[PDB]
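1. From the sequence below, what's the structure:
(11 chains)
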Amino acid sequence: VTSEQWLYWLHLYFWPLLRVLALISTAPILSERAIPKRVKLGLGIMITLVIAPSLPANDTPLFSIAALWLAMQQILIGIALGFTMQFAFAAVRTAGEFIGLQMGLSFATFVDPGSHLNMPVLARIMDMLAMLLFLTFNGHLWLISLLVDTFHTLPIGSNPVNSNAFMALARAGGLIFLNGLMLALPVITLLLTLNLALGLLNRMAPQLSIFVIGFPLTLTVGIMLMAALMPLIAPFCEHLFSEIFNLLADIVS
Amino acid sequence: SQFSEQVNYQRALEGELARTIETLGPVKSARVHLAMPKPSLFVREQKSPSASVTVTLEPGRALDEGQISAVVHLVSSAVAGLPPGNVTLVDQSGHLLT
Amino acid sequence: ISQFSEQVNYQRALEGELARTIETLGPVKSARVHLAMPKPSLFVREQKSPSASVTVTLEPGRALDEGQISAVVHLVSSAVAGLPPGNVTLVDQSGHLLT
Amino acid sequence: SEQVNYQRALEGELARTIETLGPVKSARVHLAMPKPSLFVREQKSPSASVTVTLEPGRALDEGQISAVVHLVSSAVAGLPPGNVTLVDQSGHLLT
Amino acid sequence: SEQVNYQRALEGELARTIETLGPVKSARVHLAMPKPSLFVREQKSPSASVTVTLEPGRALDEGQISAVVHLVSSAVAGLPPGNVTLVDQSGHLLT
Amino acid sequence: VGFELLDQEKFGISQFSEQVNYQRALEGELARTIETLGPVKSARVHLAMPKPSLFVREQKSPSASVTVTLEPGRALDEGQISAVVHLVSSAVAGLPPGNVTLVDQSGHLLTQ
Amino acid sequence: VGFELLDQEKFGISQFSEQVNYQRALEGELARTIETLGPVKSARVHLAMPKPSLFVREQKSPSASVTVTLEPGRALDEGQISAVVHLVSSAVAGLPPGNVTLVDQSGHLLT
Amino acid sequence: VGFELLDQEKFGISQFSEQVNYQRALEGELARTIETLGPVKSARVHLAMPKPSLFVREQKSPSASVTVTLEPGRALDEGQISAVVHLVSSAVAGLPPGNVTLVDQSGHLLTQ
Amino acid sequence: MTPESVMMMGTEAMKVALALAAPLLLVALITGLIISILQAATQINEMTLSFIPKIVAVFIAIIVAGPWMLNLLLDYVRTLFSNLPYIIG
Amino acid sequence: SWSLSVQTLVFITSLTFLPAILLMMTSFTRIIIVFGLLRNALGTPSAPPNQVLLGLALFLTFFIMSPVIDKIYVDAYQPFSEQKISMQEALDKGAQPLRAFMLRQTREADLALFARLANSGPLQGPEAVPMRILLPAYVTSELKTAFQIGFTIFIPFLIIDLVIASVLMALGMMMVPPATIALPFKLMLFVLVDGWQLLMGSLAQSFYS
Amino acid sequence: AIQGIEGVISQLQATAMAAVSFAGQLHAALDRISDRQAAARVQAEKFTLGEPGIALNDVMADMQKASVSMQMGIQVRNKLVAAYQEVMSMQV
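-> Residues are numbered from 1 along each chain as shown, chains lettered A, B, ... in the order given. Sure, the structure comes next:
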């Protein structure tokens, strides 16, 4: 009596904690530095407390290279999930920064690339709008649910792994660009026409145009254009989230 | 869009399969419908794709048992991971040939 | 074309082709297919099975055989990812449920 | 807007097929597609109201009532038949 | 604005179908849809008021009142029939 | 005017302007239906939508005042008074009937 | 004297303006309906809607003053005084009837 | 003055100006109605609307001064004086009647 | 809470930004266009004389309409902070 | 009941978890996240020093959790101190008002998700929810609410920078940093519209609503 | 509660259809230690009372055992607190 076998409880509560905390430190909104560290650790601990008793406990000792392989596996799974989720916000940031750069908002990058003078304020605006939308669509709950679900697909125990699968996540790097182009497209094109229009004005009497009349007009036009274009991101926001989620579901397995 | 690309690919495969099925002696026209499985935002699960094939035969040109077999094989092979048992073949009168 | 628009358009196209093949069937003069594809939610376990409603208009007196009803069922079910046959309803031009 | 429009288009097509039924001269379909609540004891579910105008004296068969029910229920993701109401031009509940 | 417009469109179509019903010459539907809450307690059920003008002497049958109730309730996500009031052109509550 | 005023295609200065327009339109349509009724020649509906406190979870509810002008001698029925009450209460999210006042052209309170 | 009356004033309107304009419009419509009451020839409504203060342990409530001019000899009925009270109180969010004062053209308090 | 005063509003209007203008307008309309009462030939209303604070030791409630000019010999009734008090008090958010002073053209205090 | 409310939040915010920035940008654009057309008429071309009146015009713009912008933005922020506890989810 | 040595041991051990109670079961998380986000918004990452914000958050939490603490004291601590309720029952009695406070502010979606993840049976009413389900549901709801509040807080401070950059760009001053100009204006805004009274009142209402 | 009994019958129906923990273990250990200590104390009070049959040997040995059990509980608490502090110190 008075056994309280500690190794069994430790091995039951450790690896799910490692995977949950690995997701927490990288998953969007759950990985933002504004949350105190203890809150994140407690959330991981409580989620593991809820989940672990149902799972089959592992018996590999913590003092073995098998434990290191397990820890590497959990870290890989968590960071892969969090990063694949982060790709959508990367795409939204790209689209916003490009709309802002076609605004002429930061012209110093065309002359001094990476010269400590850059303000992608539109990128930040649409990034926080995307975060608000993600909060509204309860994406984080889904993330937690999928973190739990990847066990049935991929159990804690060391399992063999595949290859092109990693490419898929890396190939998801294309989406950030590909979807970004579309969001812009609904505005950059008209901005392009505006610039074309300015060109027609410069084909008249030489000089006396551009850098004096083009910038304010194009700034105001970009502002009101994409202010009107704001209602458009939400369907595209859901499209981006669905793309990331089903890509994750297909490739994680 | 990728989704548009995927729809186009599905349509093209359907077309070519129907084409080869018609070229066959007893078959006057063919219609192939493919159901490729789908992804989920949660939970692992494969849904072996499925196919429905409708054939119109030449007046009285009944298809041989071997013919049903060969149609089955062709359609199954043309679809990545299509389990034959998920191919349905039907005639112009609504008789299930498979 | 929005992501939603892209889907709705796919649904419409599938409906059209299915009706087309159903009509080509001898006894069938015209067909109408309605698909209800469902939604995944973070408050349920098994997603609800898709459903289909098929209305057929027959040629004067061309009653559909039990096998004709069956084959229609099979085709419609297969054309919809994860469509459980039992969720396919087949009805004639007079409102008789054939399934 | 995109959703509401989806609703209008669906309602329209359903009414269309219902009219294309011999005894039916015109149909009107109203869908109530809402958001559900878990662990609220008895929640509720999507619902439909169907009004049919019949041809002079063209009474709908019990089977006809059944087939209308099936079609409307299937066309709405997760529509429990029992939440489909069918009514005639005189206000008689057919379901 | 998008919501208010949706509400007024739903009201319009419902009145439309109600007038279709033979005995009804014109209908007027007012919907009261309340604020939604995604917490674990706050919730309220919507309400409807329906005024009908009948054709000279065209009294609505009991079944008719029942069918109007069903249609209006179904057209409003989570509308409990008991919160639908039906009134005639003289101010008689048919409910 | 009601929804017509909203359909004047006029810039909504702000959400507050939108809310005022919505309140007016509802008032208009309600008055309209009330007049449509036989004994009523003209109706006037005033809605008071309430406002929340600061730190008080204690809550209140909206109120309505309805003035009717009747046709010469067309006295409203008790049932009539009841139906007017029901309609106005339903048309206002969370309007407790008891907060609907109905008055005639002579200043007689037809409700309680 | 008109809802649409203040429904313009160009723009650059500090919300303060938006509120004051609402108050004026409500006053106008209320006076209007009060005039409609047969015995009433003209009405004048003044609203005092307090701007919320987080200084008092609880929120204070608004007040109304109603002046009516009657038709020659058209004295208002008790029930009439009651109906005016009800209408004015309802038209003002959280207006406690007891804070509605009704006065005639001669300065007699009817409330 | 009064409501008309707040019409030609230049864009440059400080909140302070906004408020002062509101005070002026209220004063004007109140004087107007007070003239409507028969015995009154002209009225003048002065409002003192100040800061609130919280220390119960030093609270200064809003105050009003009303000067009336009467028609030759048209003395105001006690009830009249009461009605003037009520109207002015109601028109000012949180105006305690006891802080309304009513005076005639000869300098007689009609209130208290 | 609903995405419609969020996107409305962004729209109204960025329309407030547009209203705040439109007078200054429009004044600068008008001054630049006027100076450019005068240069074209007079056949004078130096890229620096168009920069001079623009600063003066834009700085006068704050003199004339500055209080209006300051009152509009404060009202927006005040209303947003007051309505913050009612759009919580 | 337990021996006095066991009771003292349990009391001393339970005194350890006070930061955990403050962080995971109390109103502290939302306030601290909102304060951190606001500090990130104004452009002064070291302005109110962390200790000042922590003290303000502690006082706000003490003022907000007052009715819950009062109910715990009147229902659990008072009978326990008067030897009417045992030590192992005072905890159970006092965990109920805190559970109710955590429930009201939580969200259905989180509750449904964590009811599904535990493979628990159907929960027809809120009275069947255990603490093992309510704890992380409450934590997630608080995190989401805090982030929503902070992200609607962030908007005006980015609007000002946007308009500042656009105005600077109209005149061709493309090499002027916009952040340095915008920071004094952001401070001026946060001074003008009662930057802290409005935020304090909004947070307090956000709890009591 | 009436609704509580409704919930009990609902869980019984759930069991029909279908057809301890670390905190529980710690509570059990605390209860066992307290029960042993109370038994030793009660026997000591009975001996001090003068009631027949209670031997000083048994009293003293039981007090010894109770002291050892208390010390074991104290050590377990100390370690457990140390492990909790170690876990909470982890940087995420």
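
2. Near chain B, which residues of the stretch 101-250 of chain A are found?
-> Taking C-beta under 8 Å from any C-beta of the partner chain as the contact definition, the stretch 101-250 of chain A meets chain B at A:142, A:145-146, A:149, A:152-153, A:182, A:242, A:245-247, A:249-250. Placement of C-beta: from N, CA and C, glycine included.

3. if you look at those, which of them are in helices?
-> A:142, A:145-146, A:149, A:152-153, A:182, A:242, A:245-247, A:249-250 (DSSP state H).

4. Could you pick out the longest helix of chain B?
-> Max-length helix for chain B by DSSP H is helix B:2-23.

5. is chain C contacted by the very next helix or strand once past that helix?
-> Downstream of helix B:2-23, the next assigned helix or strand under DSSP states H and E is strand B:27-35. Yes: shown here: strand B:27-35 in contact with chain C (C-beta under 8 Å from any C-beta) through B:29, B:31, B:33-35.

6. got the contact list for strand B:27-35?
-> Contact partners of strand B:27-35, identified using C-beta atoms under 8 Å, 6 or more residues apart in numbering or on different chains, comprise B:10, B:13-14, B:17-19, B:21-22, B:49-58, B:61, B:63, B:75, B:79, C:17-18, C:20-21, C:24, C:75, C:78-81, C:83.

7. Of those residues, just the buried ones, PyMOL syntax please.
-> Restricted to buried positions by 16 or more other C-beta atoms under 10 Å in any protein chain shown, the PyMOL selection for the contacts of strand B:27-35 reads:
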select buried, (chain B and resi 10+13+14+17+18+21+49+50+51+52+53+54+55+56+57+63+75+79) or (chain C and resi 17+18+21+75+78+79+80+83)
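
8. dump the residue contacts of the residue of chain B at minimum distance from chain D.
-> Using C-beta to the nearest C-beta, the single residue of chain B nearest to chain D is residue B:38, 14.5 Å away. When contacts are counted by C-beta under 8 Å, 6+ apart, residue B:38 is found next to A:246, B:47, C:81-82.

9. Test my guess that residue J:147 contacts residue J:33.
-> Yes: look at residue J:147 against residue J:33 with C-beta atoms under 8 Å: they come within range, at 6.8 Å.

10. and the residue in chain K positioned nearest to chain F, what does it touch?
-> Chain F sits closest to residue K:3 of chain K, with a gap of 24.6 Å, by C-beta to the nearest C-beta. By C-beta under 8 Å, 6+ apart, the contact set of residue K:3 is J:125, J:127.

11. Leaving out chain neighbours, which residue sits closest to residue 78?
-> Defaulting to chain A. residue A:22 (2.6 Å; C-beta to C-beta, 6 or more residues apart in numbering or on different chains).

12. try again with chain I
-> Using C-beta to C-beta, 6+ apart, the nearest residue to residue I:78 is residue J:193, at 4.9 Å.

13. cool, residue J:135 as well?
-> residue A:46 (5.5 Å).

14. Skipping its backbone neighbours, what lies nearest the most centrally placed residue in chain I in space?
-> The residue lying closest to the centre of chain I (C-alpha atoms, centre = their mean) is residue I:21, at 0.8 Å. Nearest in space to residue I:21, with sequence neighbours left out and distances taken as C-beta to C-beta, 6+ apart, is residue J:163 at 4.3 Å.

15. Name the helix or strand for that neighbour, please.
-> Applying DSSP H and E, one finds residue J:163 within helix J:131-170.

16. from the middle of its chain, how far away would that helix be?
-> 14 Å (C-alpha atoms, centre = their mean, to the nearest Å).

17. mind listing what's buried in that helix?
-> J:133-170.

18. who's in contact with the longest helix of chain B?
-> Against helix B:2-23 from outside (C-beta under 8 Å, 6+ apart): B:27-34, B:36, B:53, B:55, B:71, B:74-75, B:78-79, C:1, C:3, C:6-7, C:10, C:13.

19. wait, isn't residue A:75 in contact with residue A:20?
-> No: the pair residue A:75 / residue A:20 is not scored as a contact, 11.6 Å apart, by C-beta under 8 Å.

20. More neighbours: which of the two?
-> Comparing residue A:75 with residue A:20 by other C-beta atoms under 10 Å in any protein chain shown, the one with more neighbours is residue A:20, at 23 against 17.

21. Please name the residues that touch that one.
-> Residue A:20 touches A:44, A:47-48, A:51, A:78, A:147, counting by C-beta under 8 Å, 6+ apart.

22. Pick out the most distant pair among these.
-> A:51 and A:78 (14.0 Å; C-beta to C-beta).

23. After the helix holding residue J:163, which helix or strand is next?
-> helix J:178-192.

24. Which stretches in chain A count as helices?
-> A:6-24, A:37-51, A:65-102, A:108-111, A:121-136, A:139-153, A:164-171, A:173-202, A:214-229, A:233-252.

25. Need the winner for burial among those helices.
-> Of all these, helix A:121-136 has the most neighbours on average by mean count of other C-beta atoms under 10 Å in any protein chain shown, namely a mean of 23.

26. Give me the contact status of that helix with chain C.
-> No: for helix A:121-136, no contact with chain C is found by C-beta under 8 Å from any C-beta; the gap never falls below 12.5 Å.

27. Not counting residues beside it along the chain, what's closest to residue A:183?
-> Nearest one to residue A:183, counting by C-beta to C-beta, 6+ apart, is residue A:95 at 3.8 Å.

28. Please list the residues of chain I that sit near chain G.
-> Remark: the part of chain I in contact with chain G comprises I:68, I:71-72, I:75, I:79, using C-beta under 8 Å from any C-beta.

29. And these, which is closest to chain E?
-> Checking the residues of chain I next to chain G one by one against chain E (C-beta to the nearest C-beta), the nearest turns out to be residue I:79, at 17.6 Å.

30. For the closest one, pull up the helix or strand it's in.
-> Per DSSP H and E, residue I:79 falls inside helix I:51-83.

31. circling back to that earlier point, for the residues of the stretch 101-250 of chain A next to chain B, name the two members farthest from one another.
-> Across those (C-beta to C-beta), the longest gap, 35.0 Å, separates A:152 and A:182.

32. Who are the packing partners of the helix or strand encompassing residue J:78?
-> Secondary structure assignment for residue J:78, by DSSP H and E: helix J:78-81. Applying 3 or more C-beta pairs under 8 Å, 6 or more residues apart in numbering or on different chains; DSSP states H and E, one finds that helix J:78-81 contacts helix J:87-104.

33. how about the next helix-or-strand element following the helix it packs on against chain A, any contact?
-> Per DSSP H and E, the first helix or strand lying C-terminal to helix J:87-104 is helix J:108-117. Yes: using C-beta under 8 Å from any C-beta, helix J:108-117 reaches chain A at J:109-110, J:113-114, J:116-117.
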